[PDB]
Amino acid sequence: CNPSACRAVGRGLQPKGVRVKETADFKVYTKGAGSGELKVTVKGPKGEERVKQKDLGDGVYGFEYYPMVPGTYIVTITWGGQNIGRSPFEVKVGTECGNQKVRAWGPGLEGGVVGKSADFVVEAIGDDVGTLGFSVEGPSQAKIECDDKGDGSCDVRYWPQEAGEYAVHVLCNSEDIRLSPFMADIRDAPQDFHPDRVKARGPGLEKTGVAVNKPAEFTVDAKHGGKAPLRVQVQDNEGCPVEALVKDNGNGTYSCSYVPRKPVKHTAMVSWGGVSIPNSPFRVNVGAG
């Protein structure tokens, strides 16, 4: 029986950023713990909190609670009677978020690879932003970089140097933005993984010539990337996911298209096993024709 093998991670265990009326979610990995029983109890300001539990397979269990009053929640998680991780976890639940001034999206908000950068973007909703705060909490300290591109958006990357779950906070005027912290699963990649050998090419990714209501086309050649999942994510500059269509050609290449519907800046992010490929993100000016 090895309690120390267990790992409890997730947004519902974070000291700050969870809010009333959100689902507060977390999971507990148990493989290696051996014999024993997993016990999860959540307390809120008024006492016992209902917790929904799911078997997620491979020794992983999922949990959700539903805080309705701001304040102090404590999550006690044990295996064979001993606390797992830094249990009990004290979680401060905030009131409802105020008006939002930025959105954040991209692959670094959900995953990544040890020793590689984990990348995303923060975009202005209006012409007001003020200060953005970035912090990354996880098994060790990831260096963070940020670059204001002058178009209302900022590229952000961090550098996780150990496997595990990282909580990425984006603050706007001192409050975690809606959905912050973003929980990213960082893995040590196998030897055949080479996301820097993946290449995107095509008119759809160029800085002139892309026009509204036509297919913006490009290809992804991942023949030498090793086996990993492709992720293509395209939005306009107003927060709207743009429908993109990615066909697996069966031979390590993908044919991709999106049709922009507004003559505004579009950004395309292309990643291989959670790692942005060369030249990603692509910022594309769409014109009338």
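Just count from 1 along the sequence shown to find any residue number.
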{"item": "Residue stretch of maximal mean CA temperature factor, 135 to 143 vs 111 to 119", "value": "135 to 143"}
{"item": "Per the entry, higher mean C-alpha B factor between 223 to 231 and 52 to 60", "value": "223 to 231"}
{"item": "Top Cα B factor in the deposited entry, candidates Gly71, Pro88, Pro195, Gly81", "value": "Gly81"}
{"item": "Of the residues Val93, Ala184, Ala211, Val156, the one carrying the largest Cα B-factor as recorded", "value": "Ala211"}
{"item": "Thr30 - which third its CA temperature factor falls in, relative to the rest of the chain", "value": "lowest"}
{"item": "Third of the chain's Cα B-factor distribution that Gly202 belongs to, per the entry", "value": "middle"}
{"item": "Third of the chain's Cα B-factor distribution that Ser257 belongs to, per the entry", "value": "middle"}
{"item": "CA B-factor placement of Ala163, once the chain's modelled residues are sorted into thirds", "value": "highest"}
{"item": "Ranked C-alpha temperature factor of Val242 among modelled chain residues, by third", "value": "highest"}
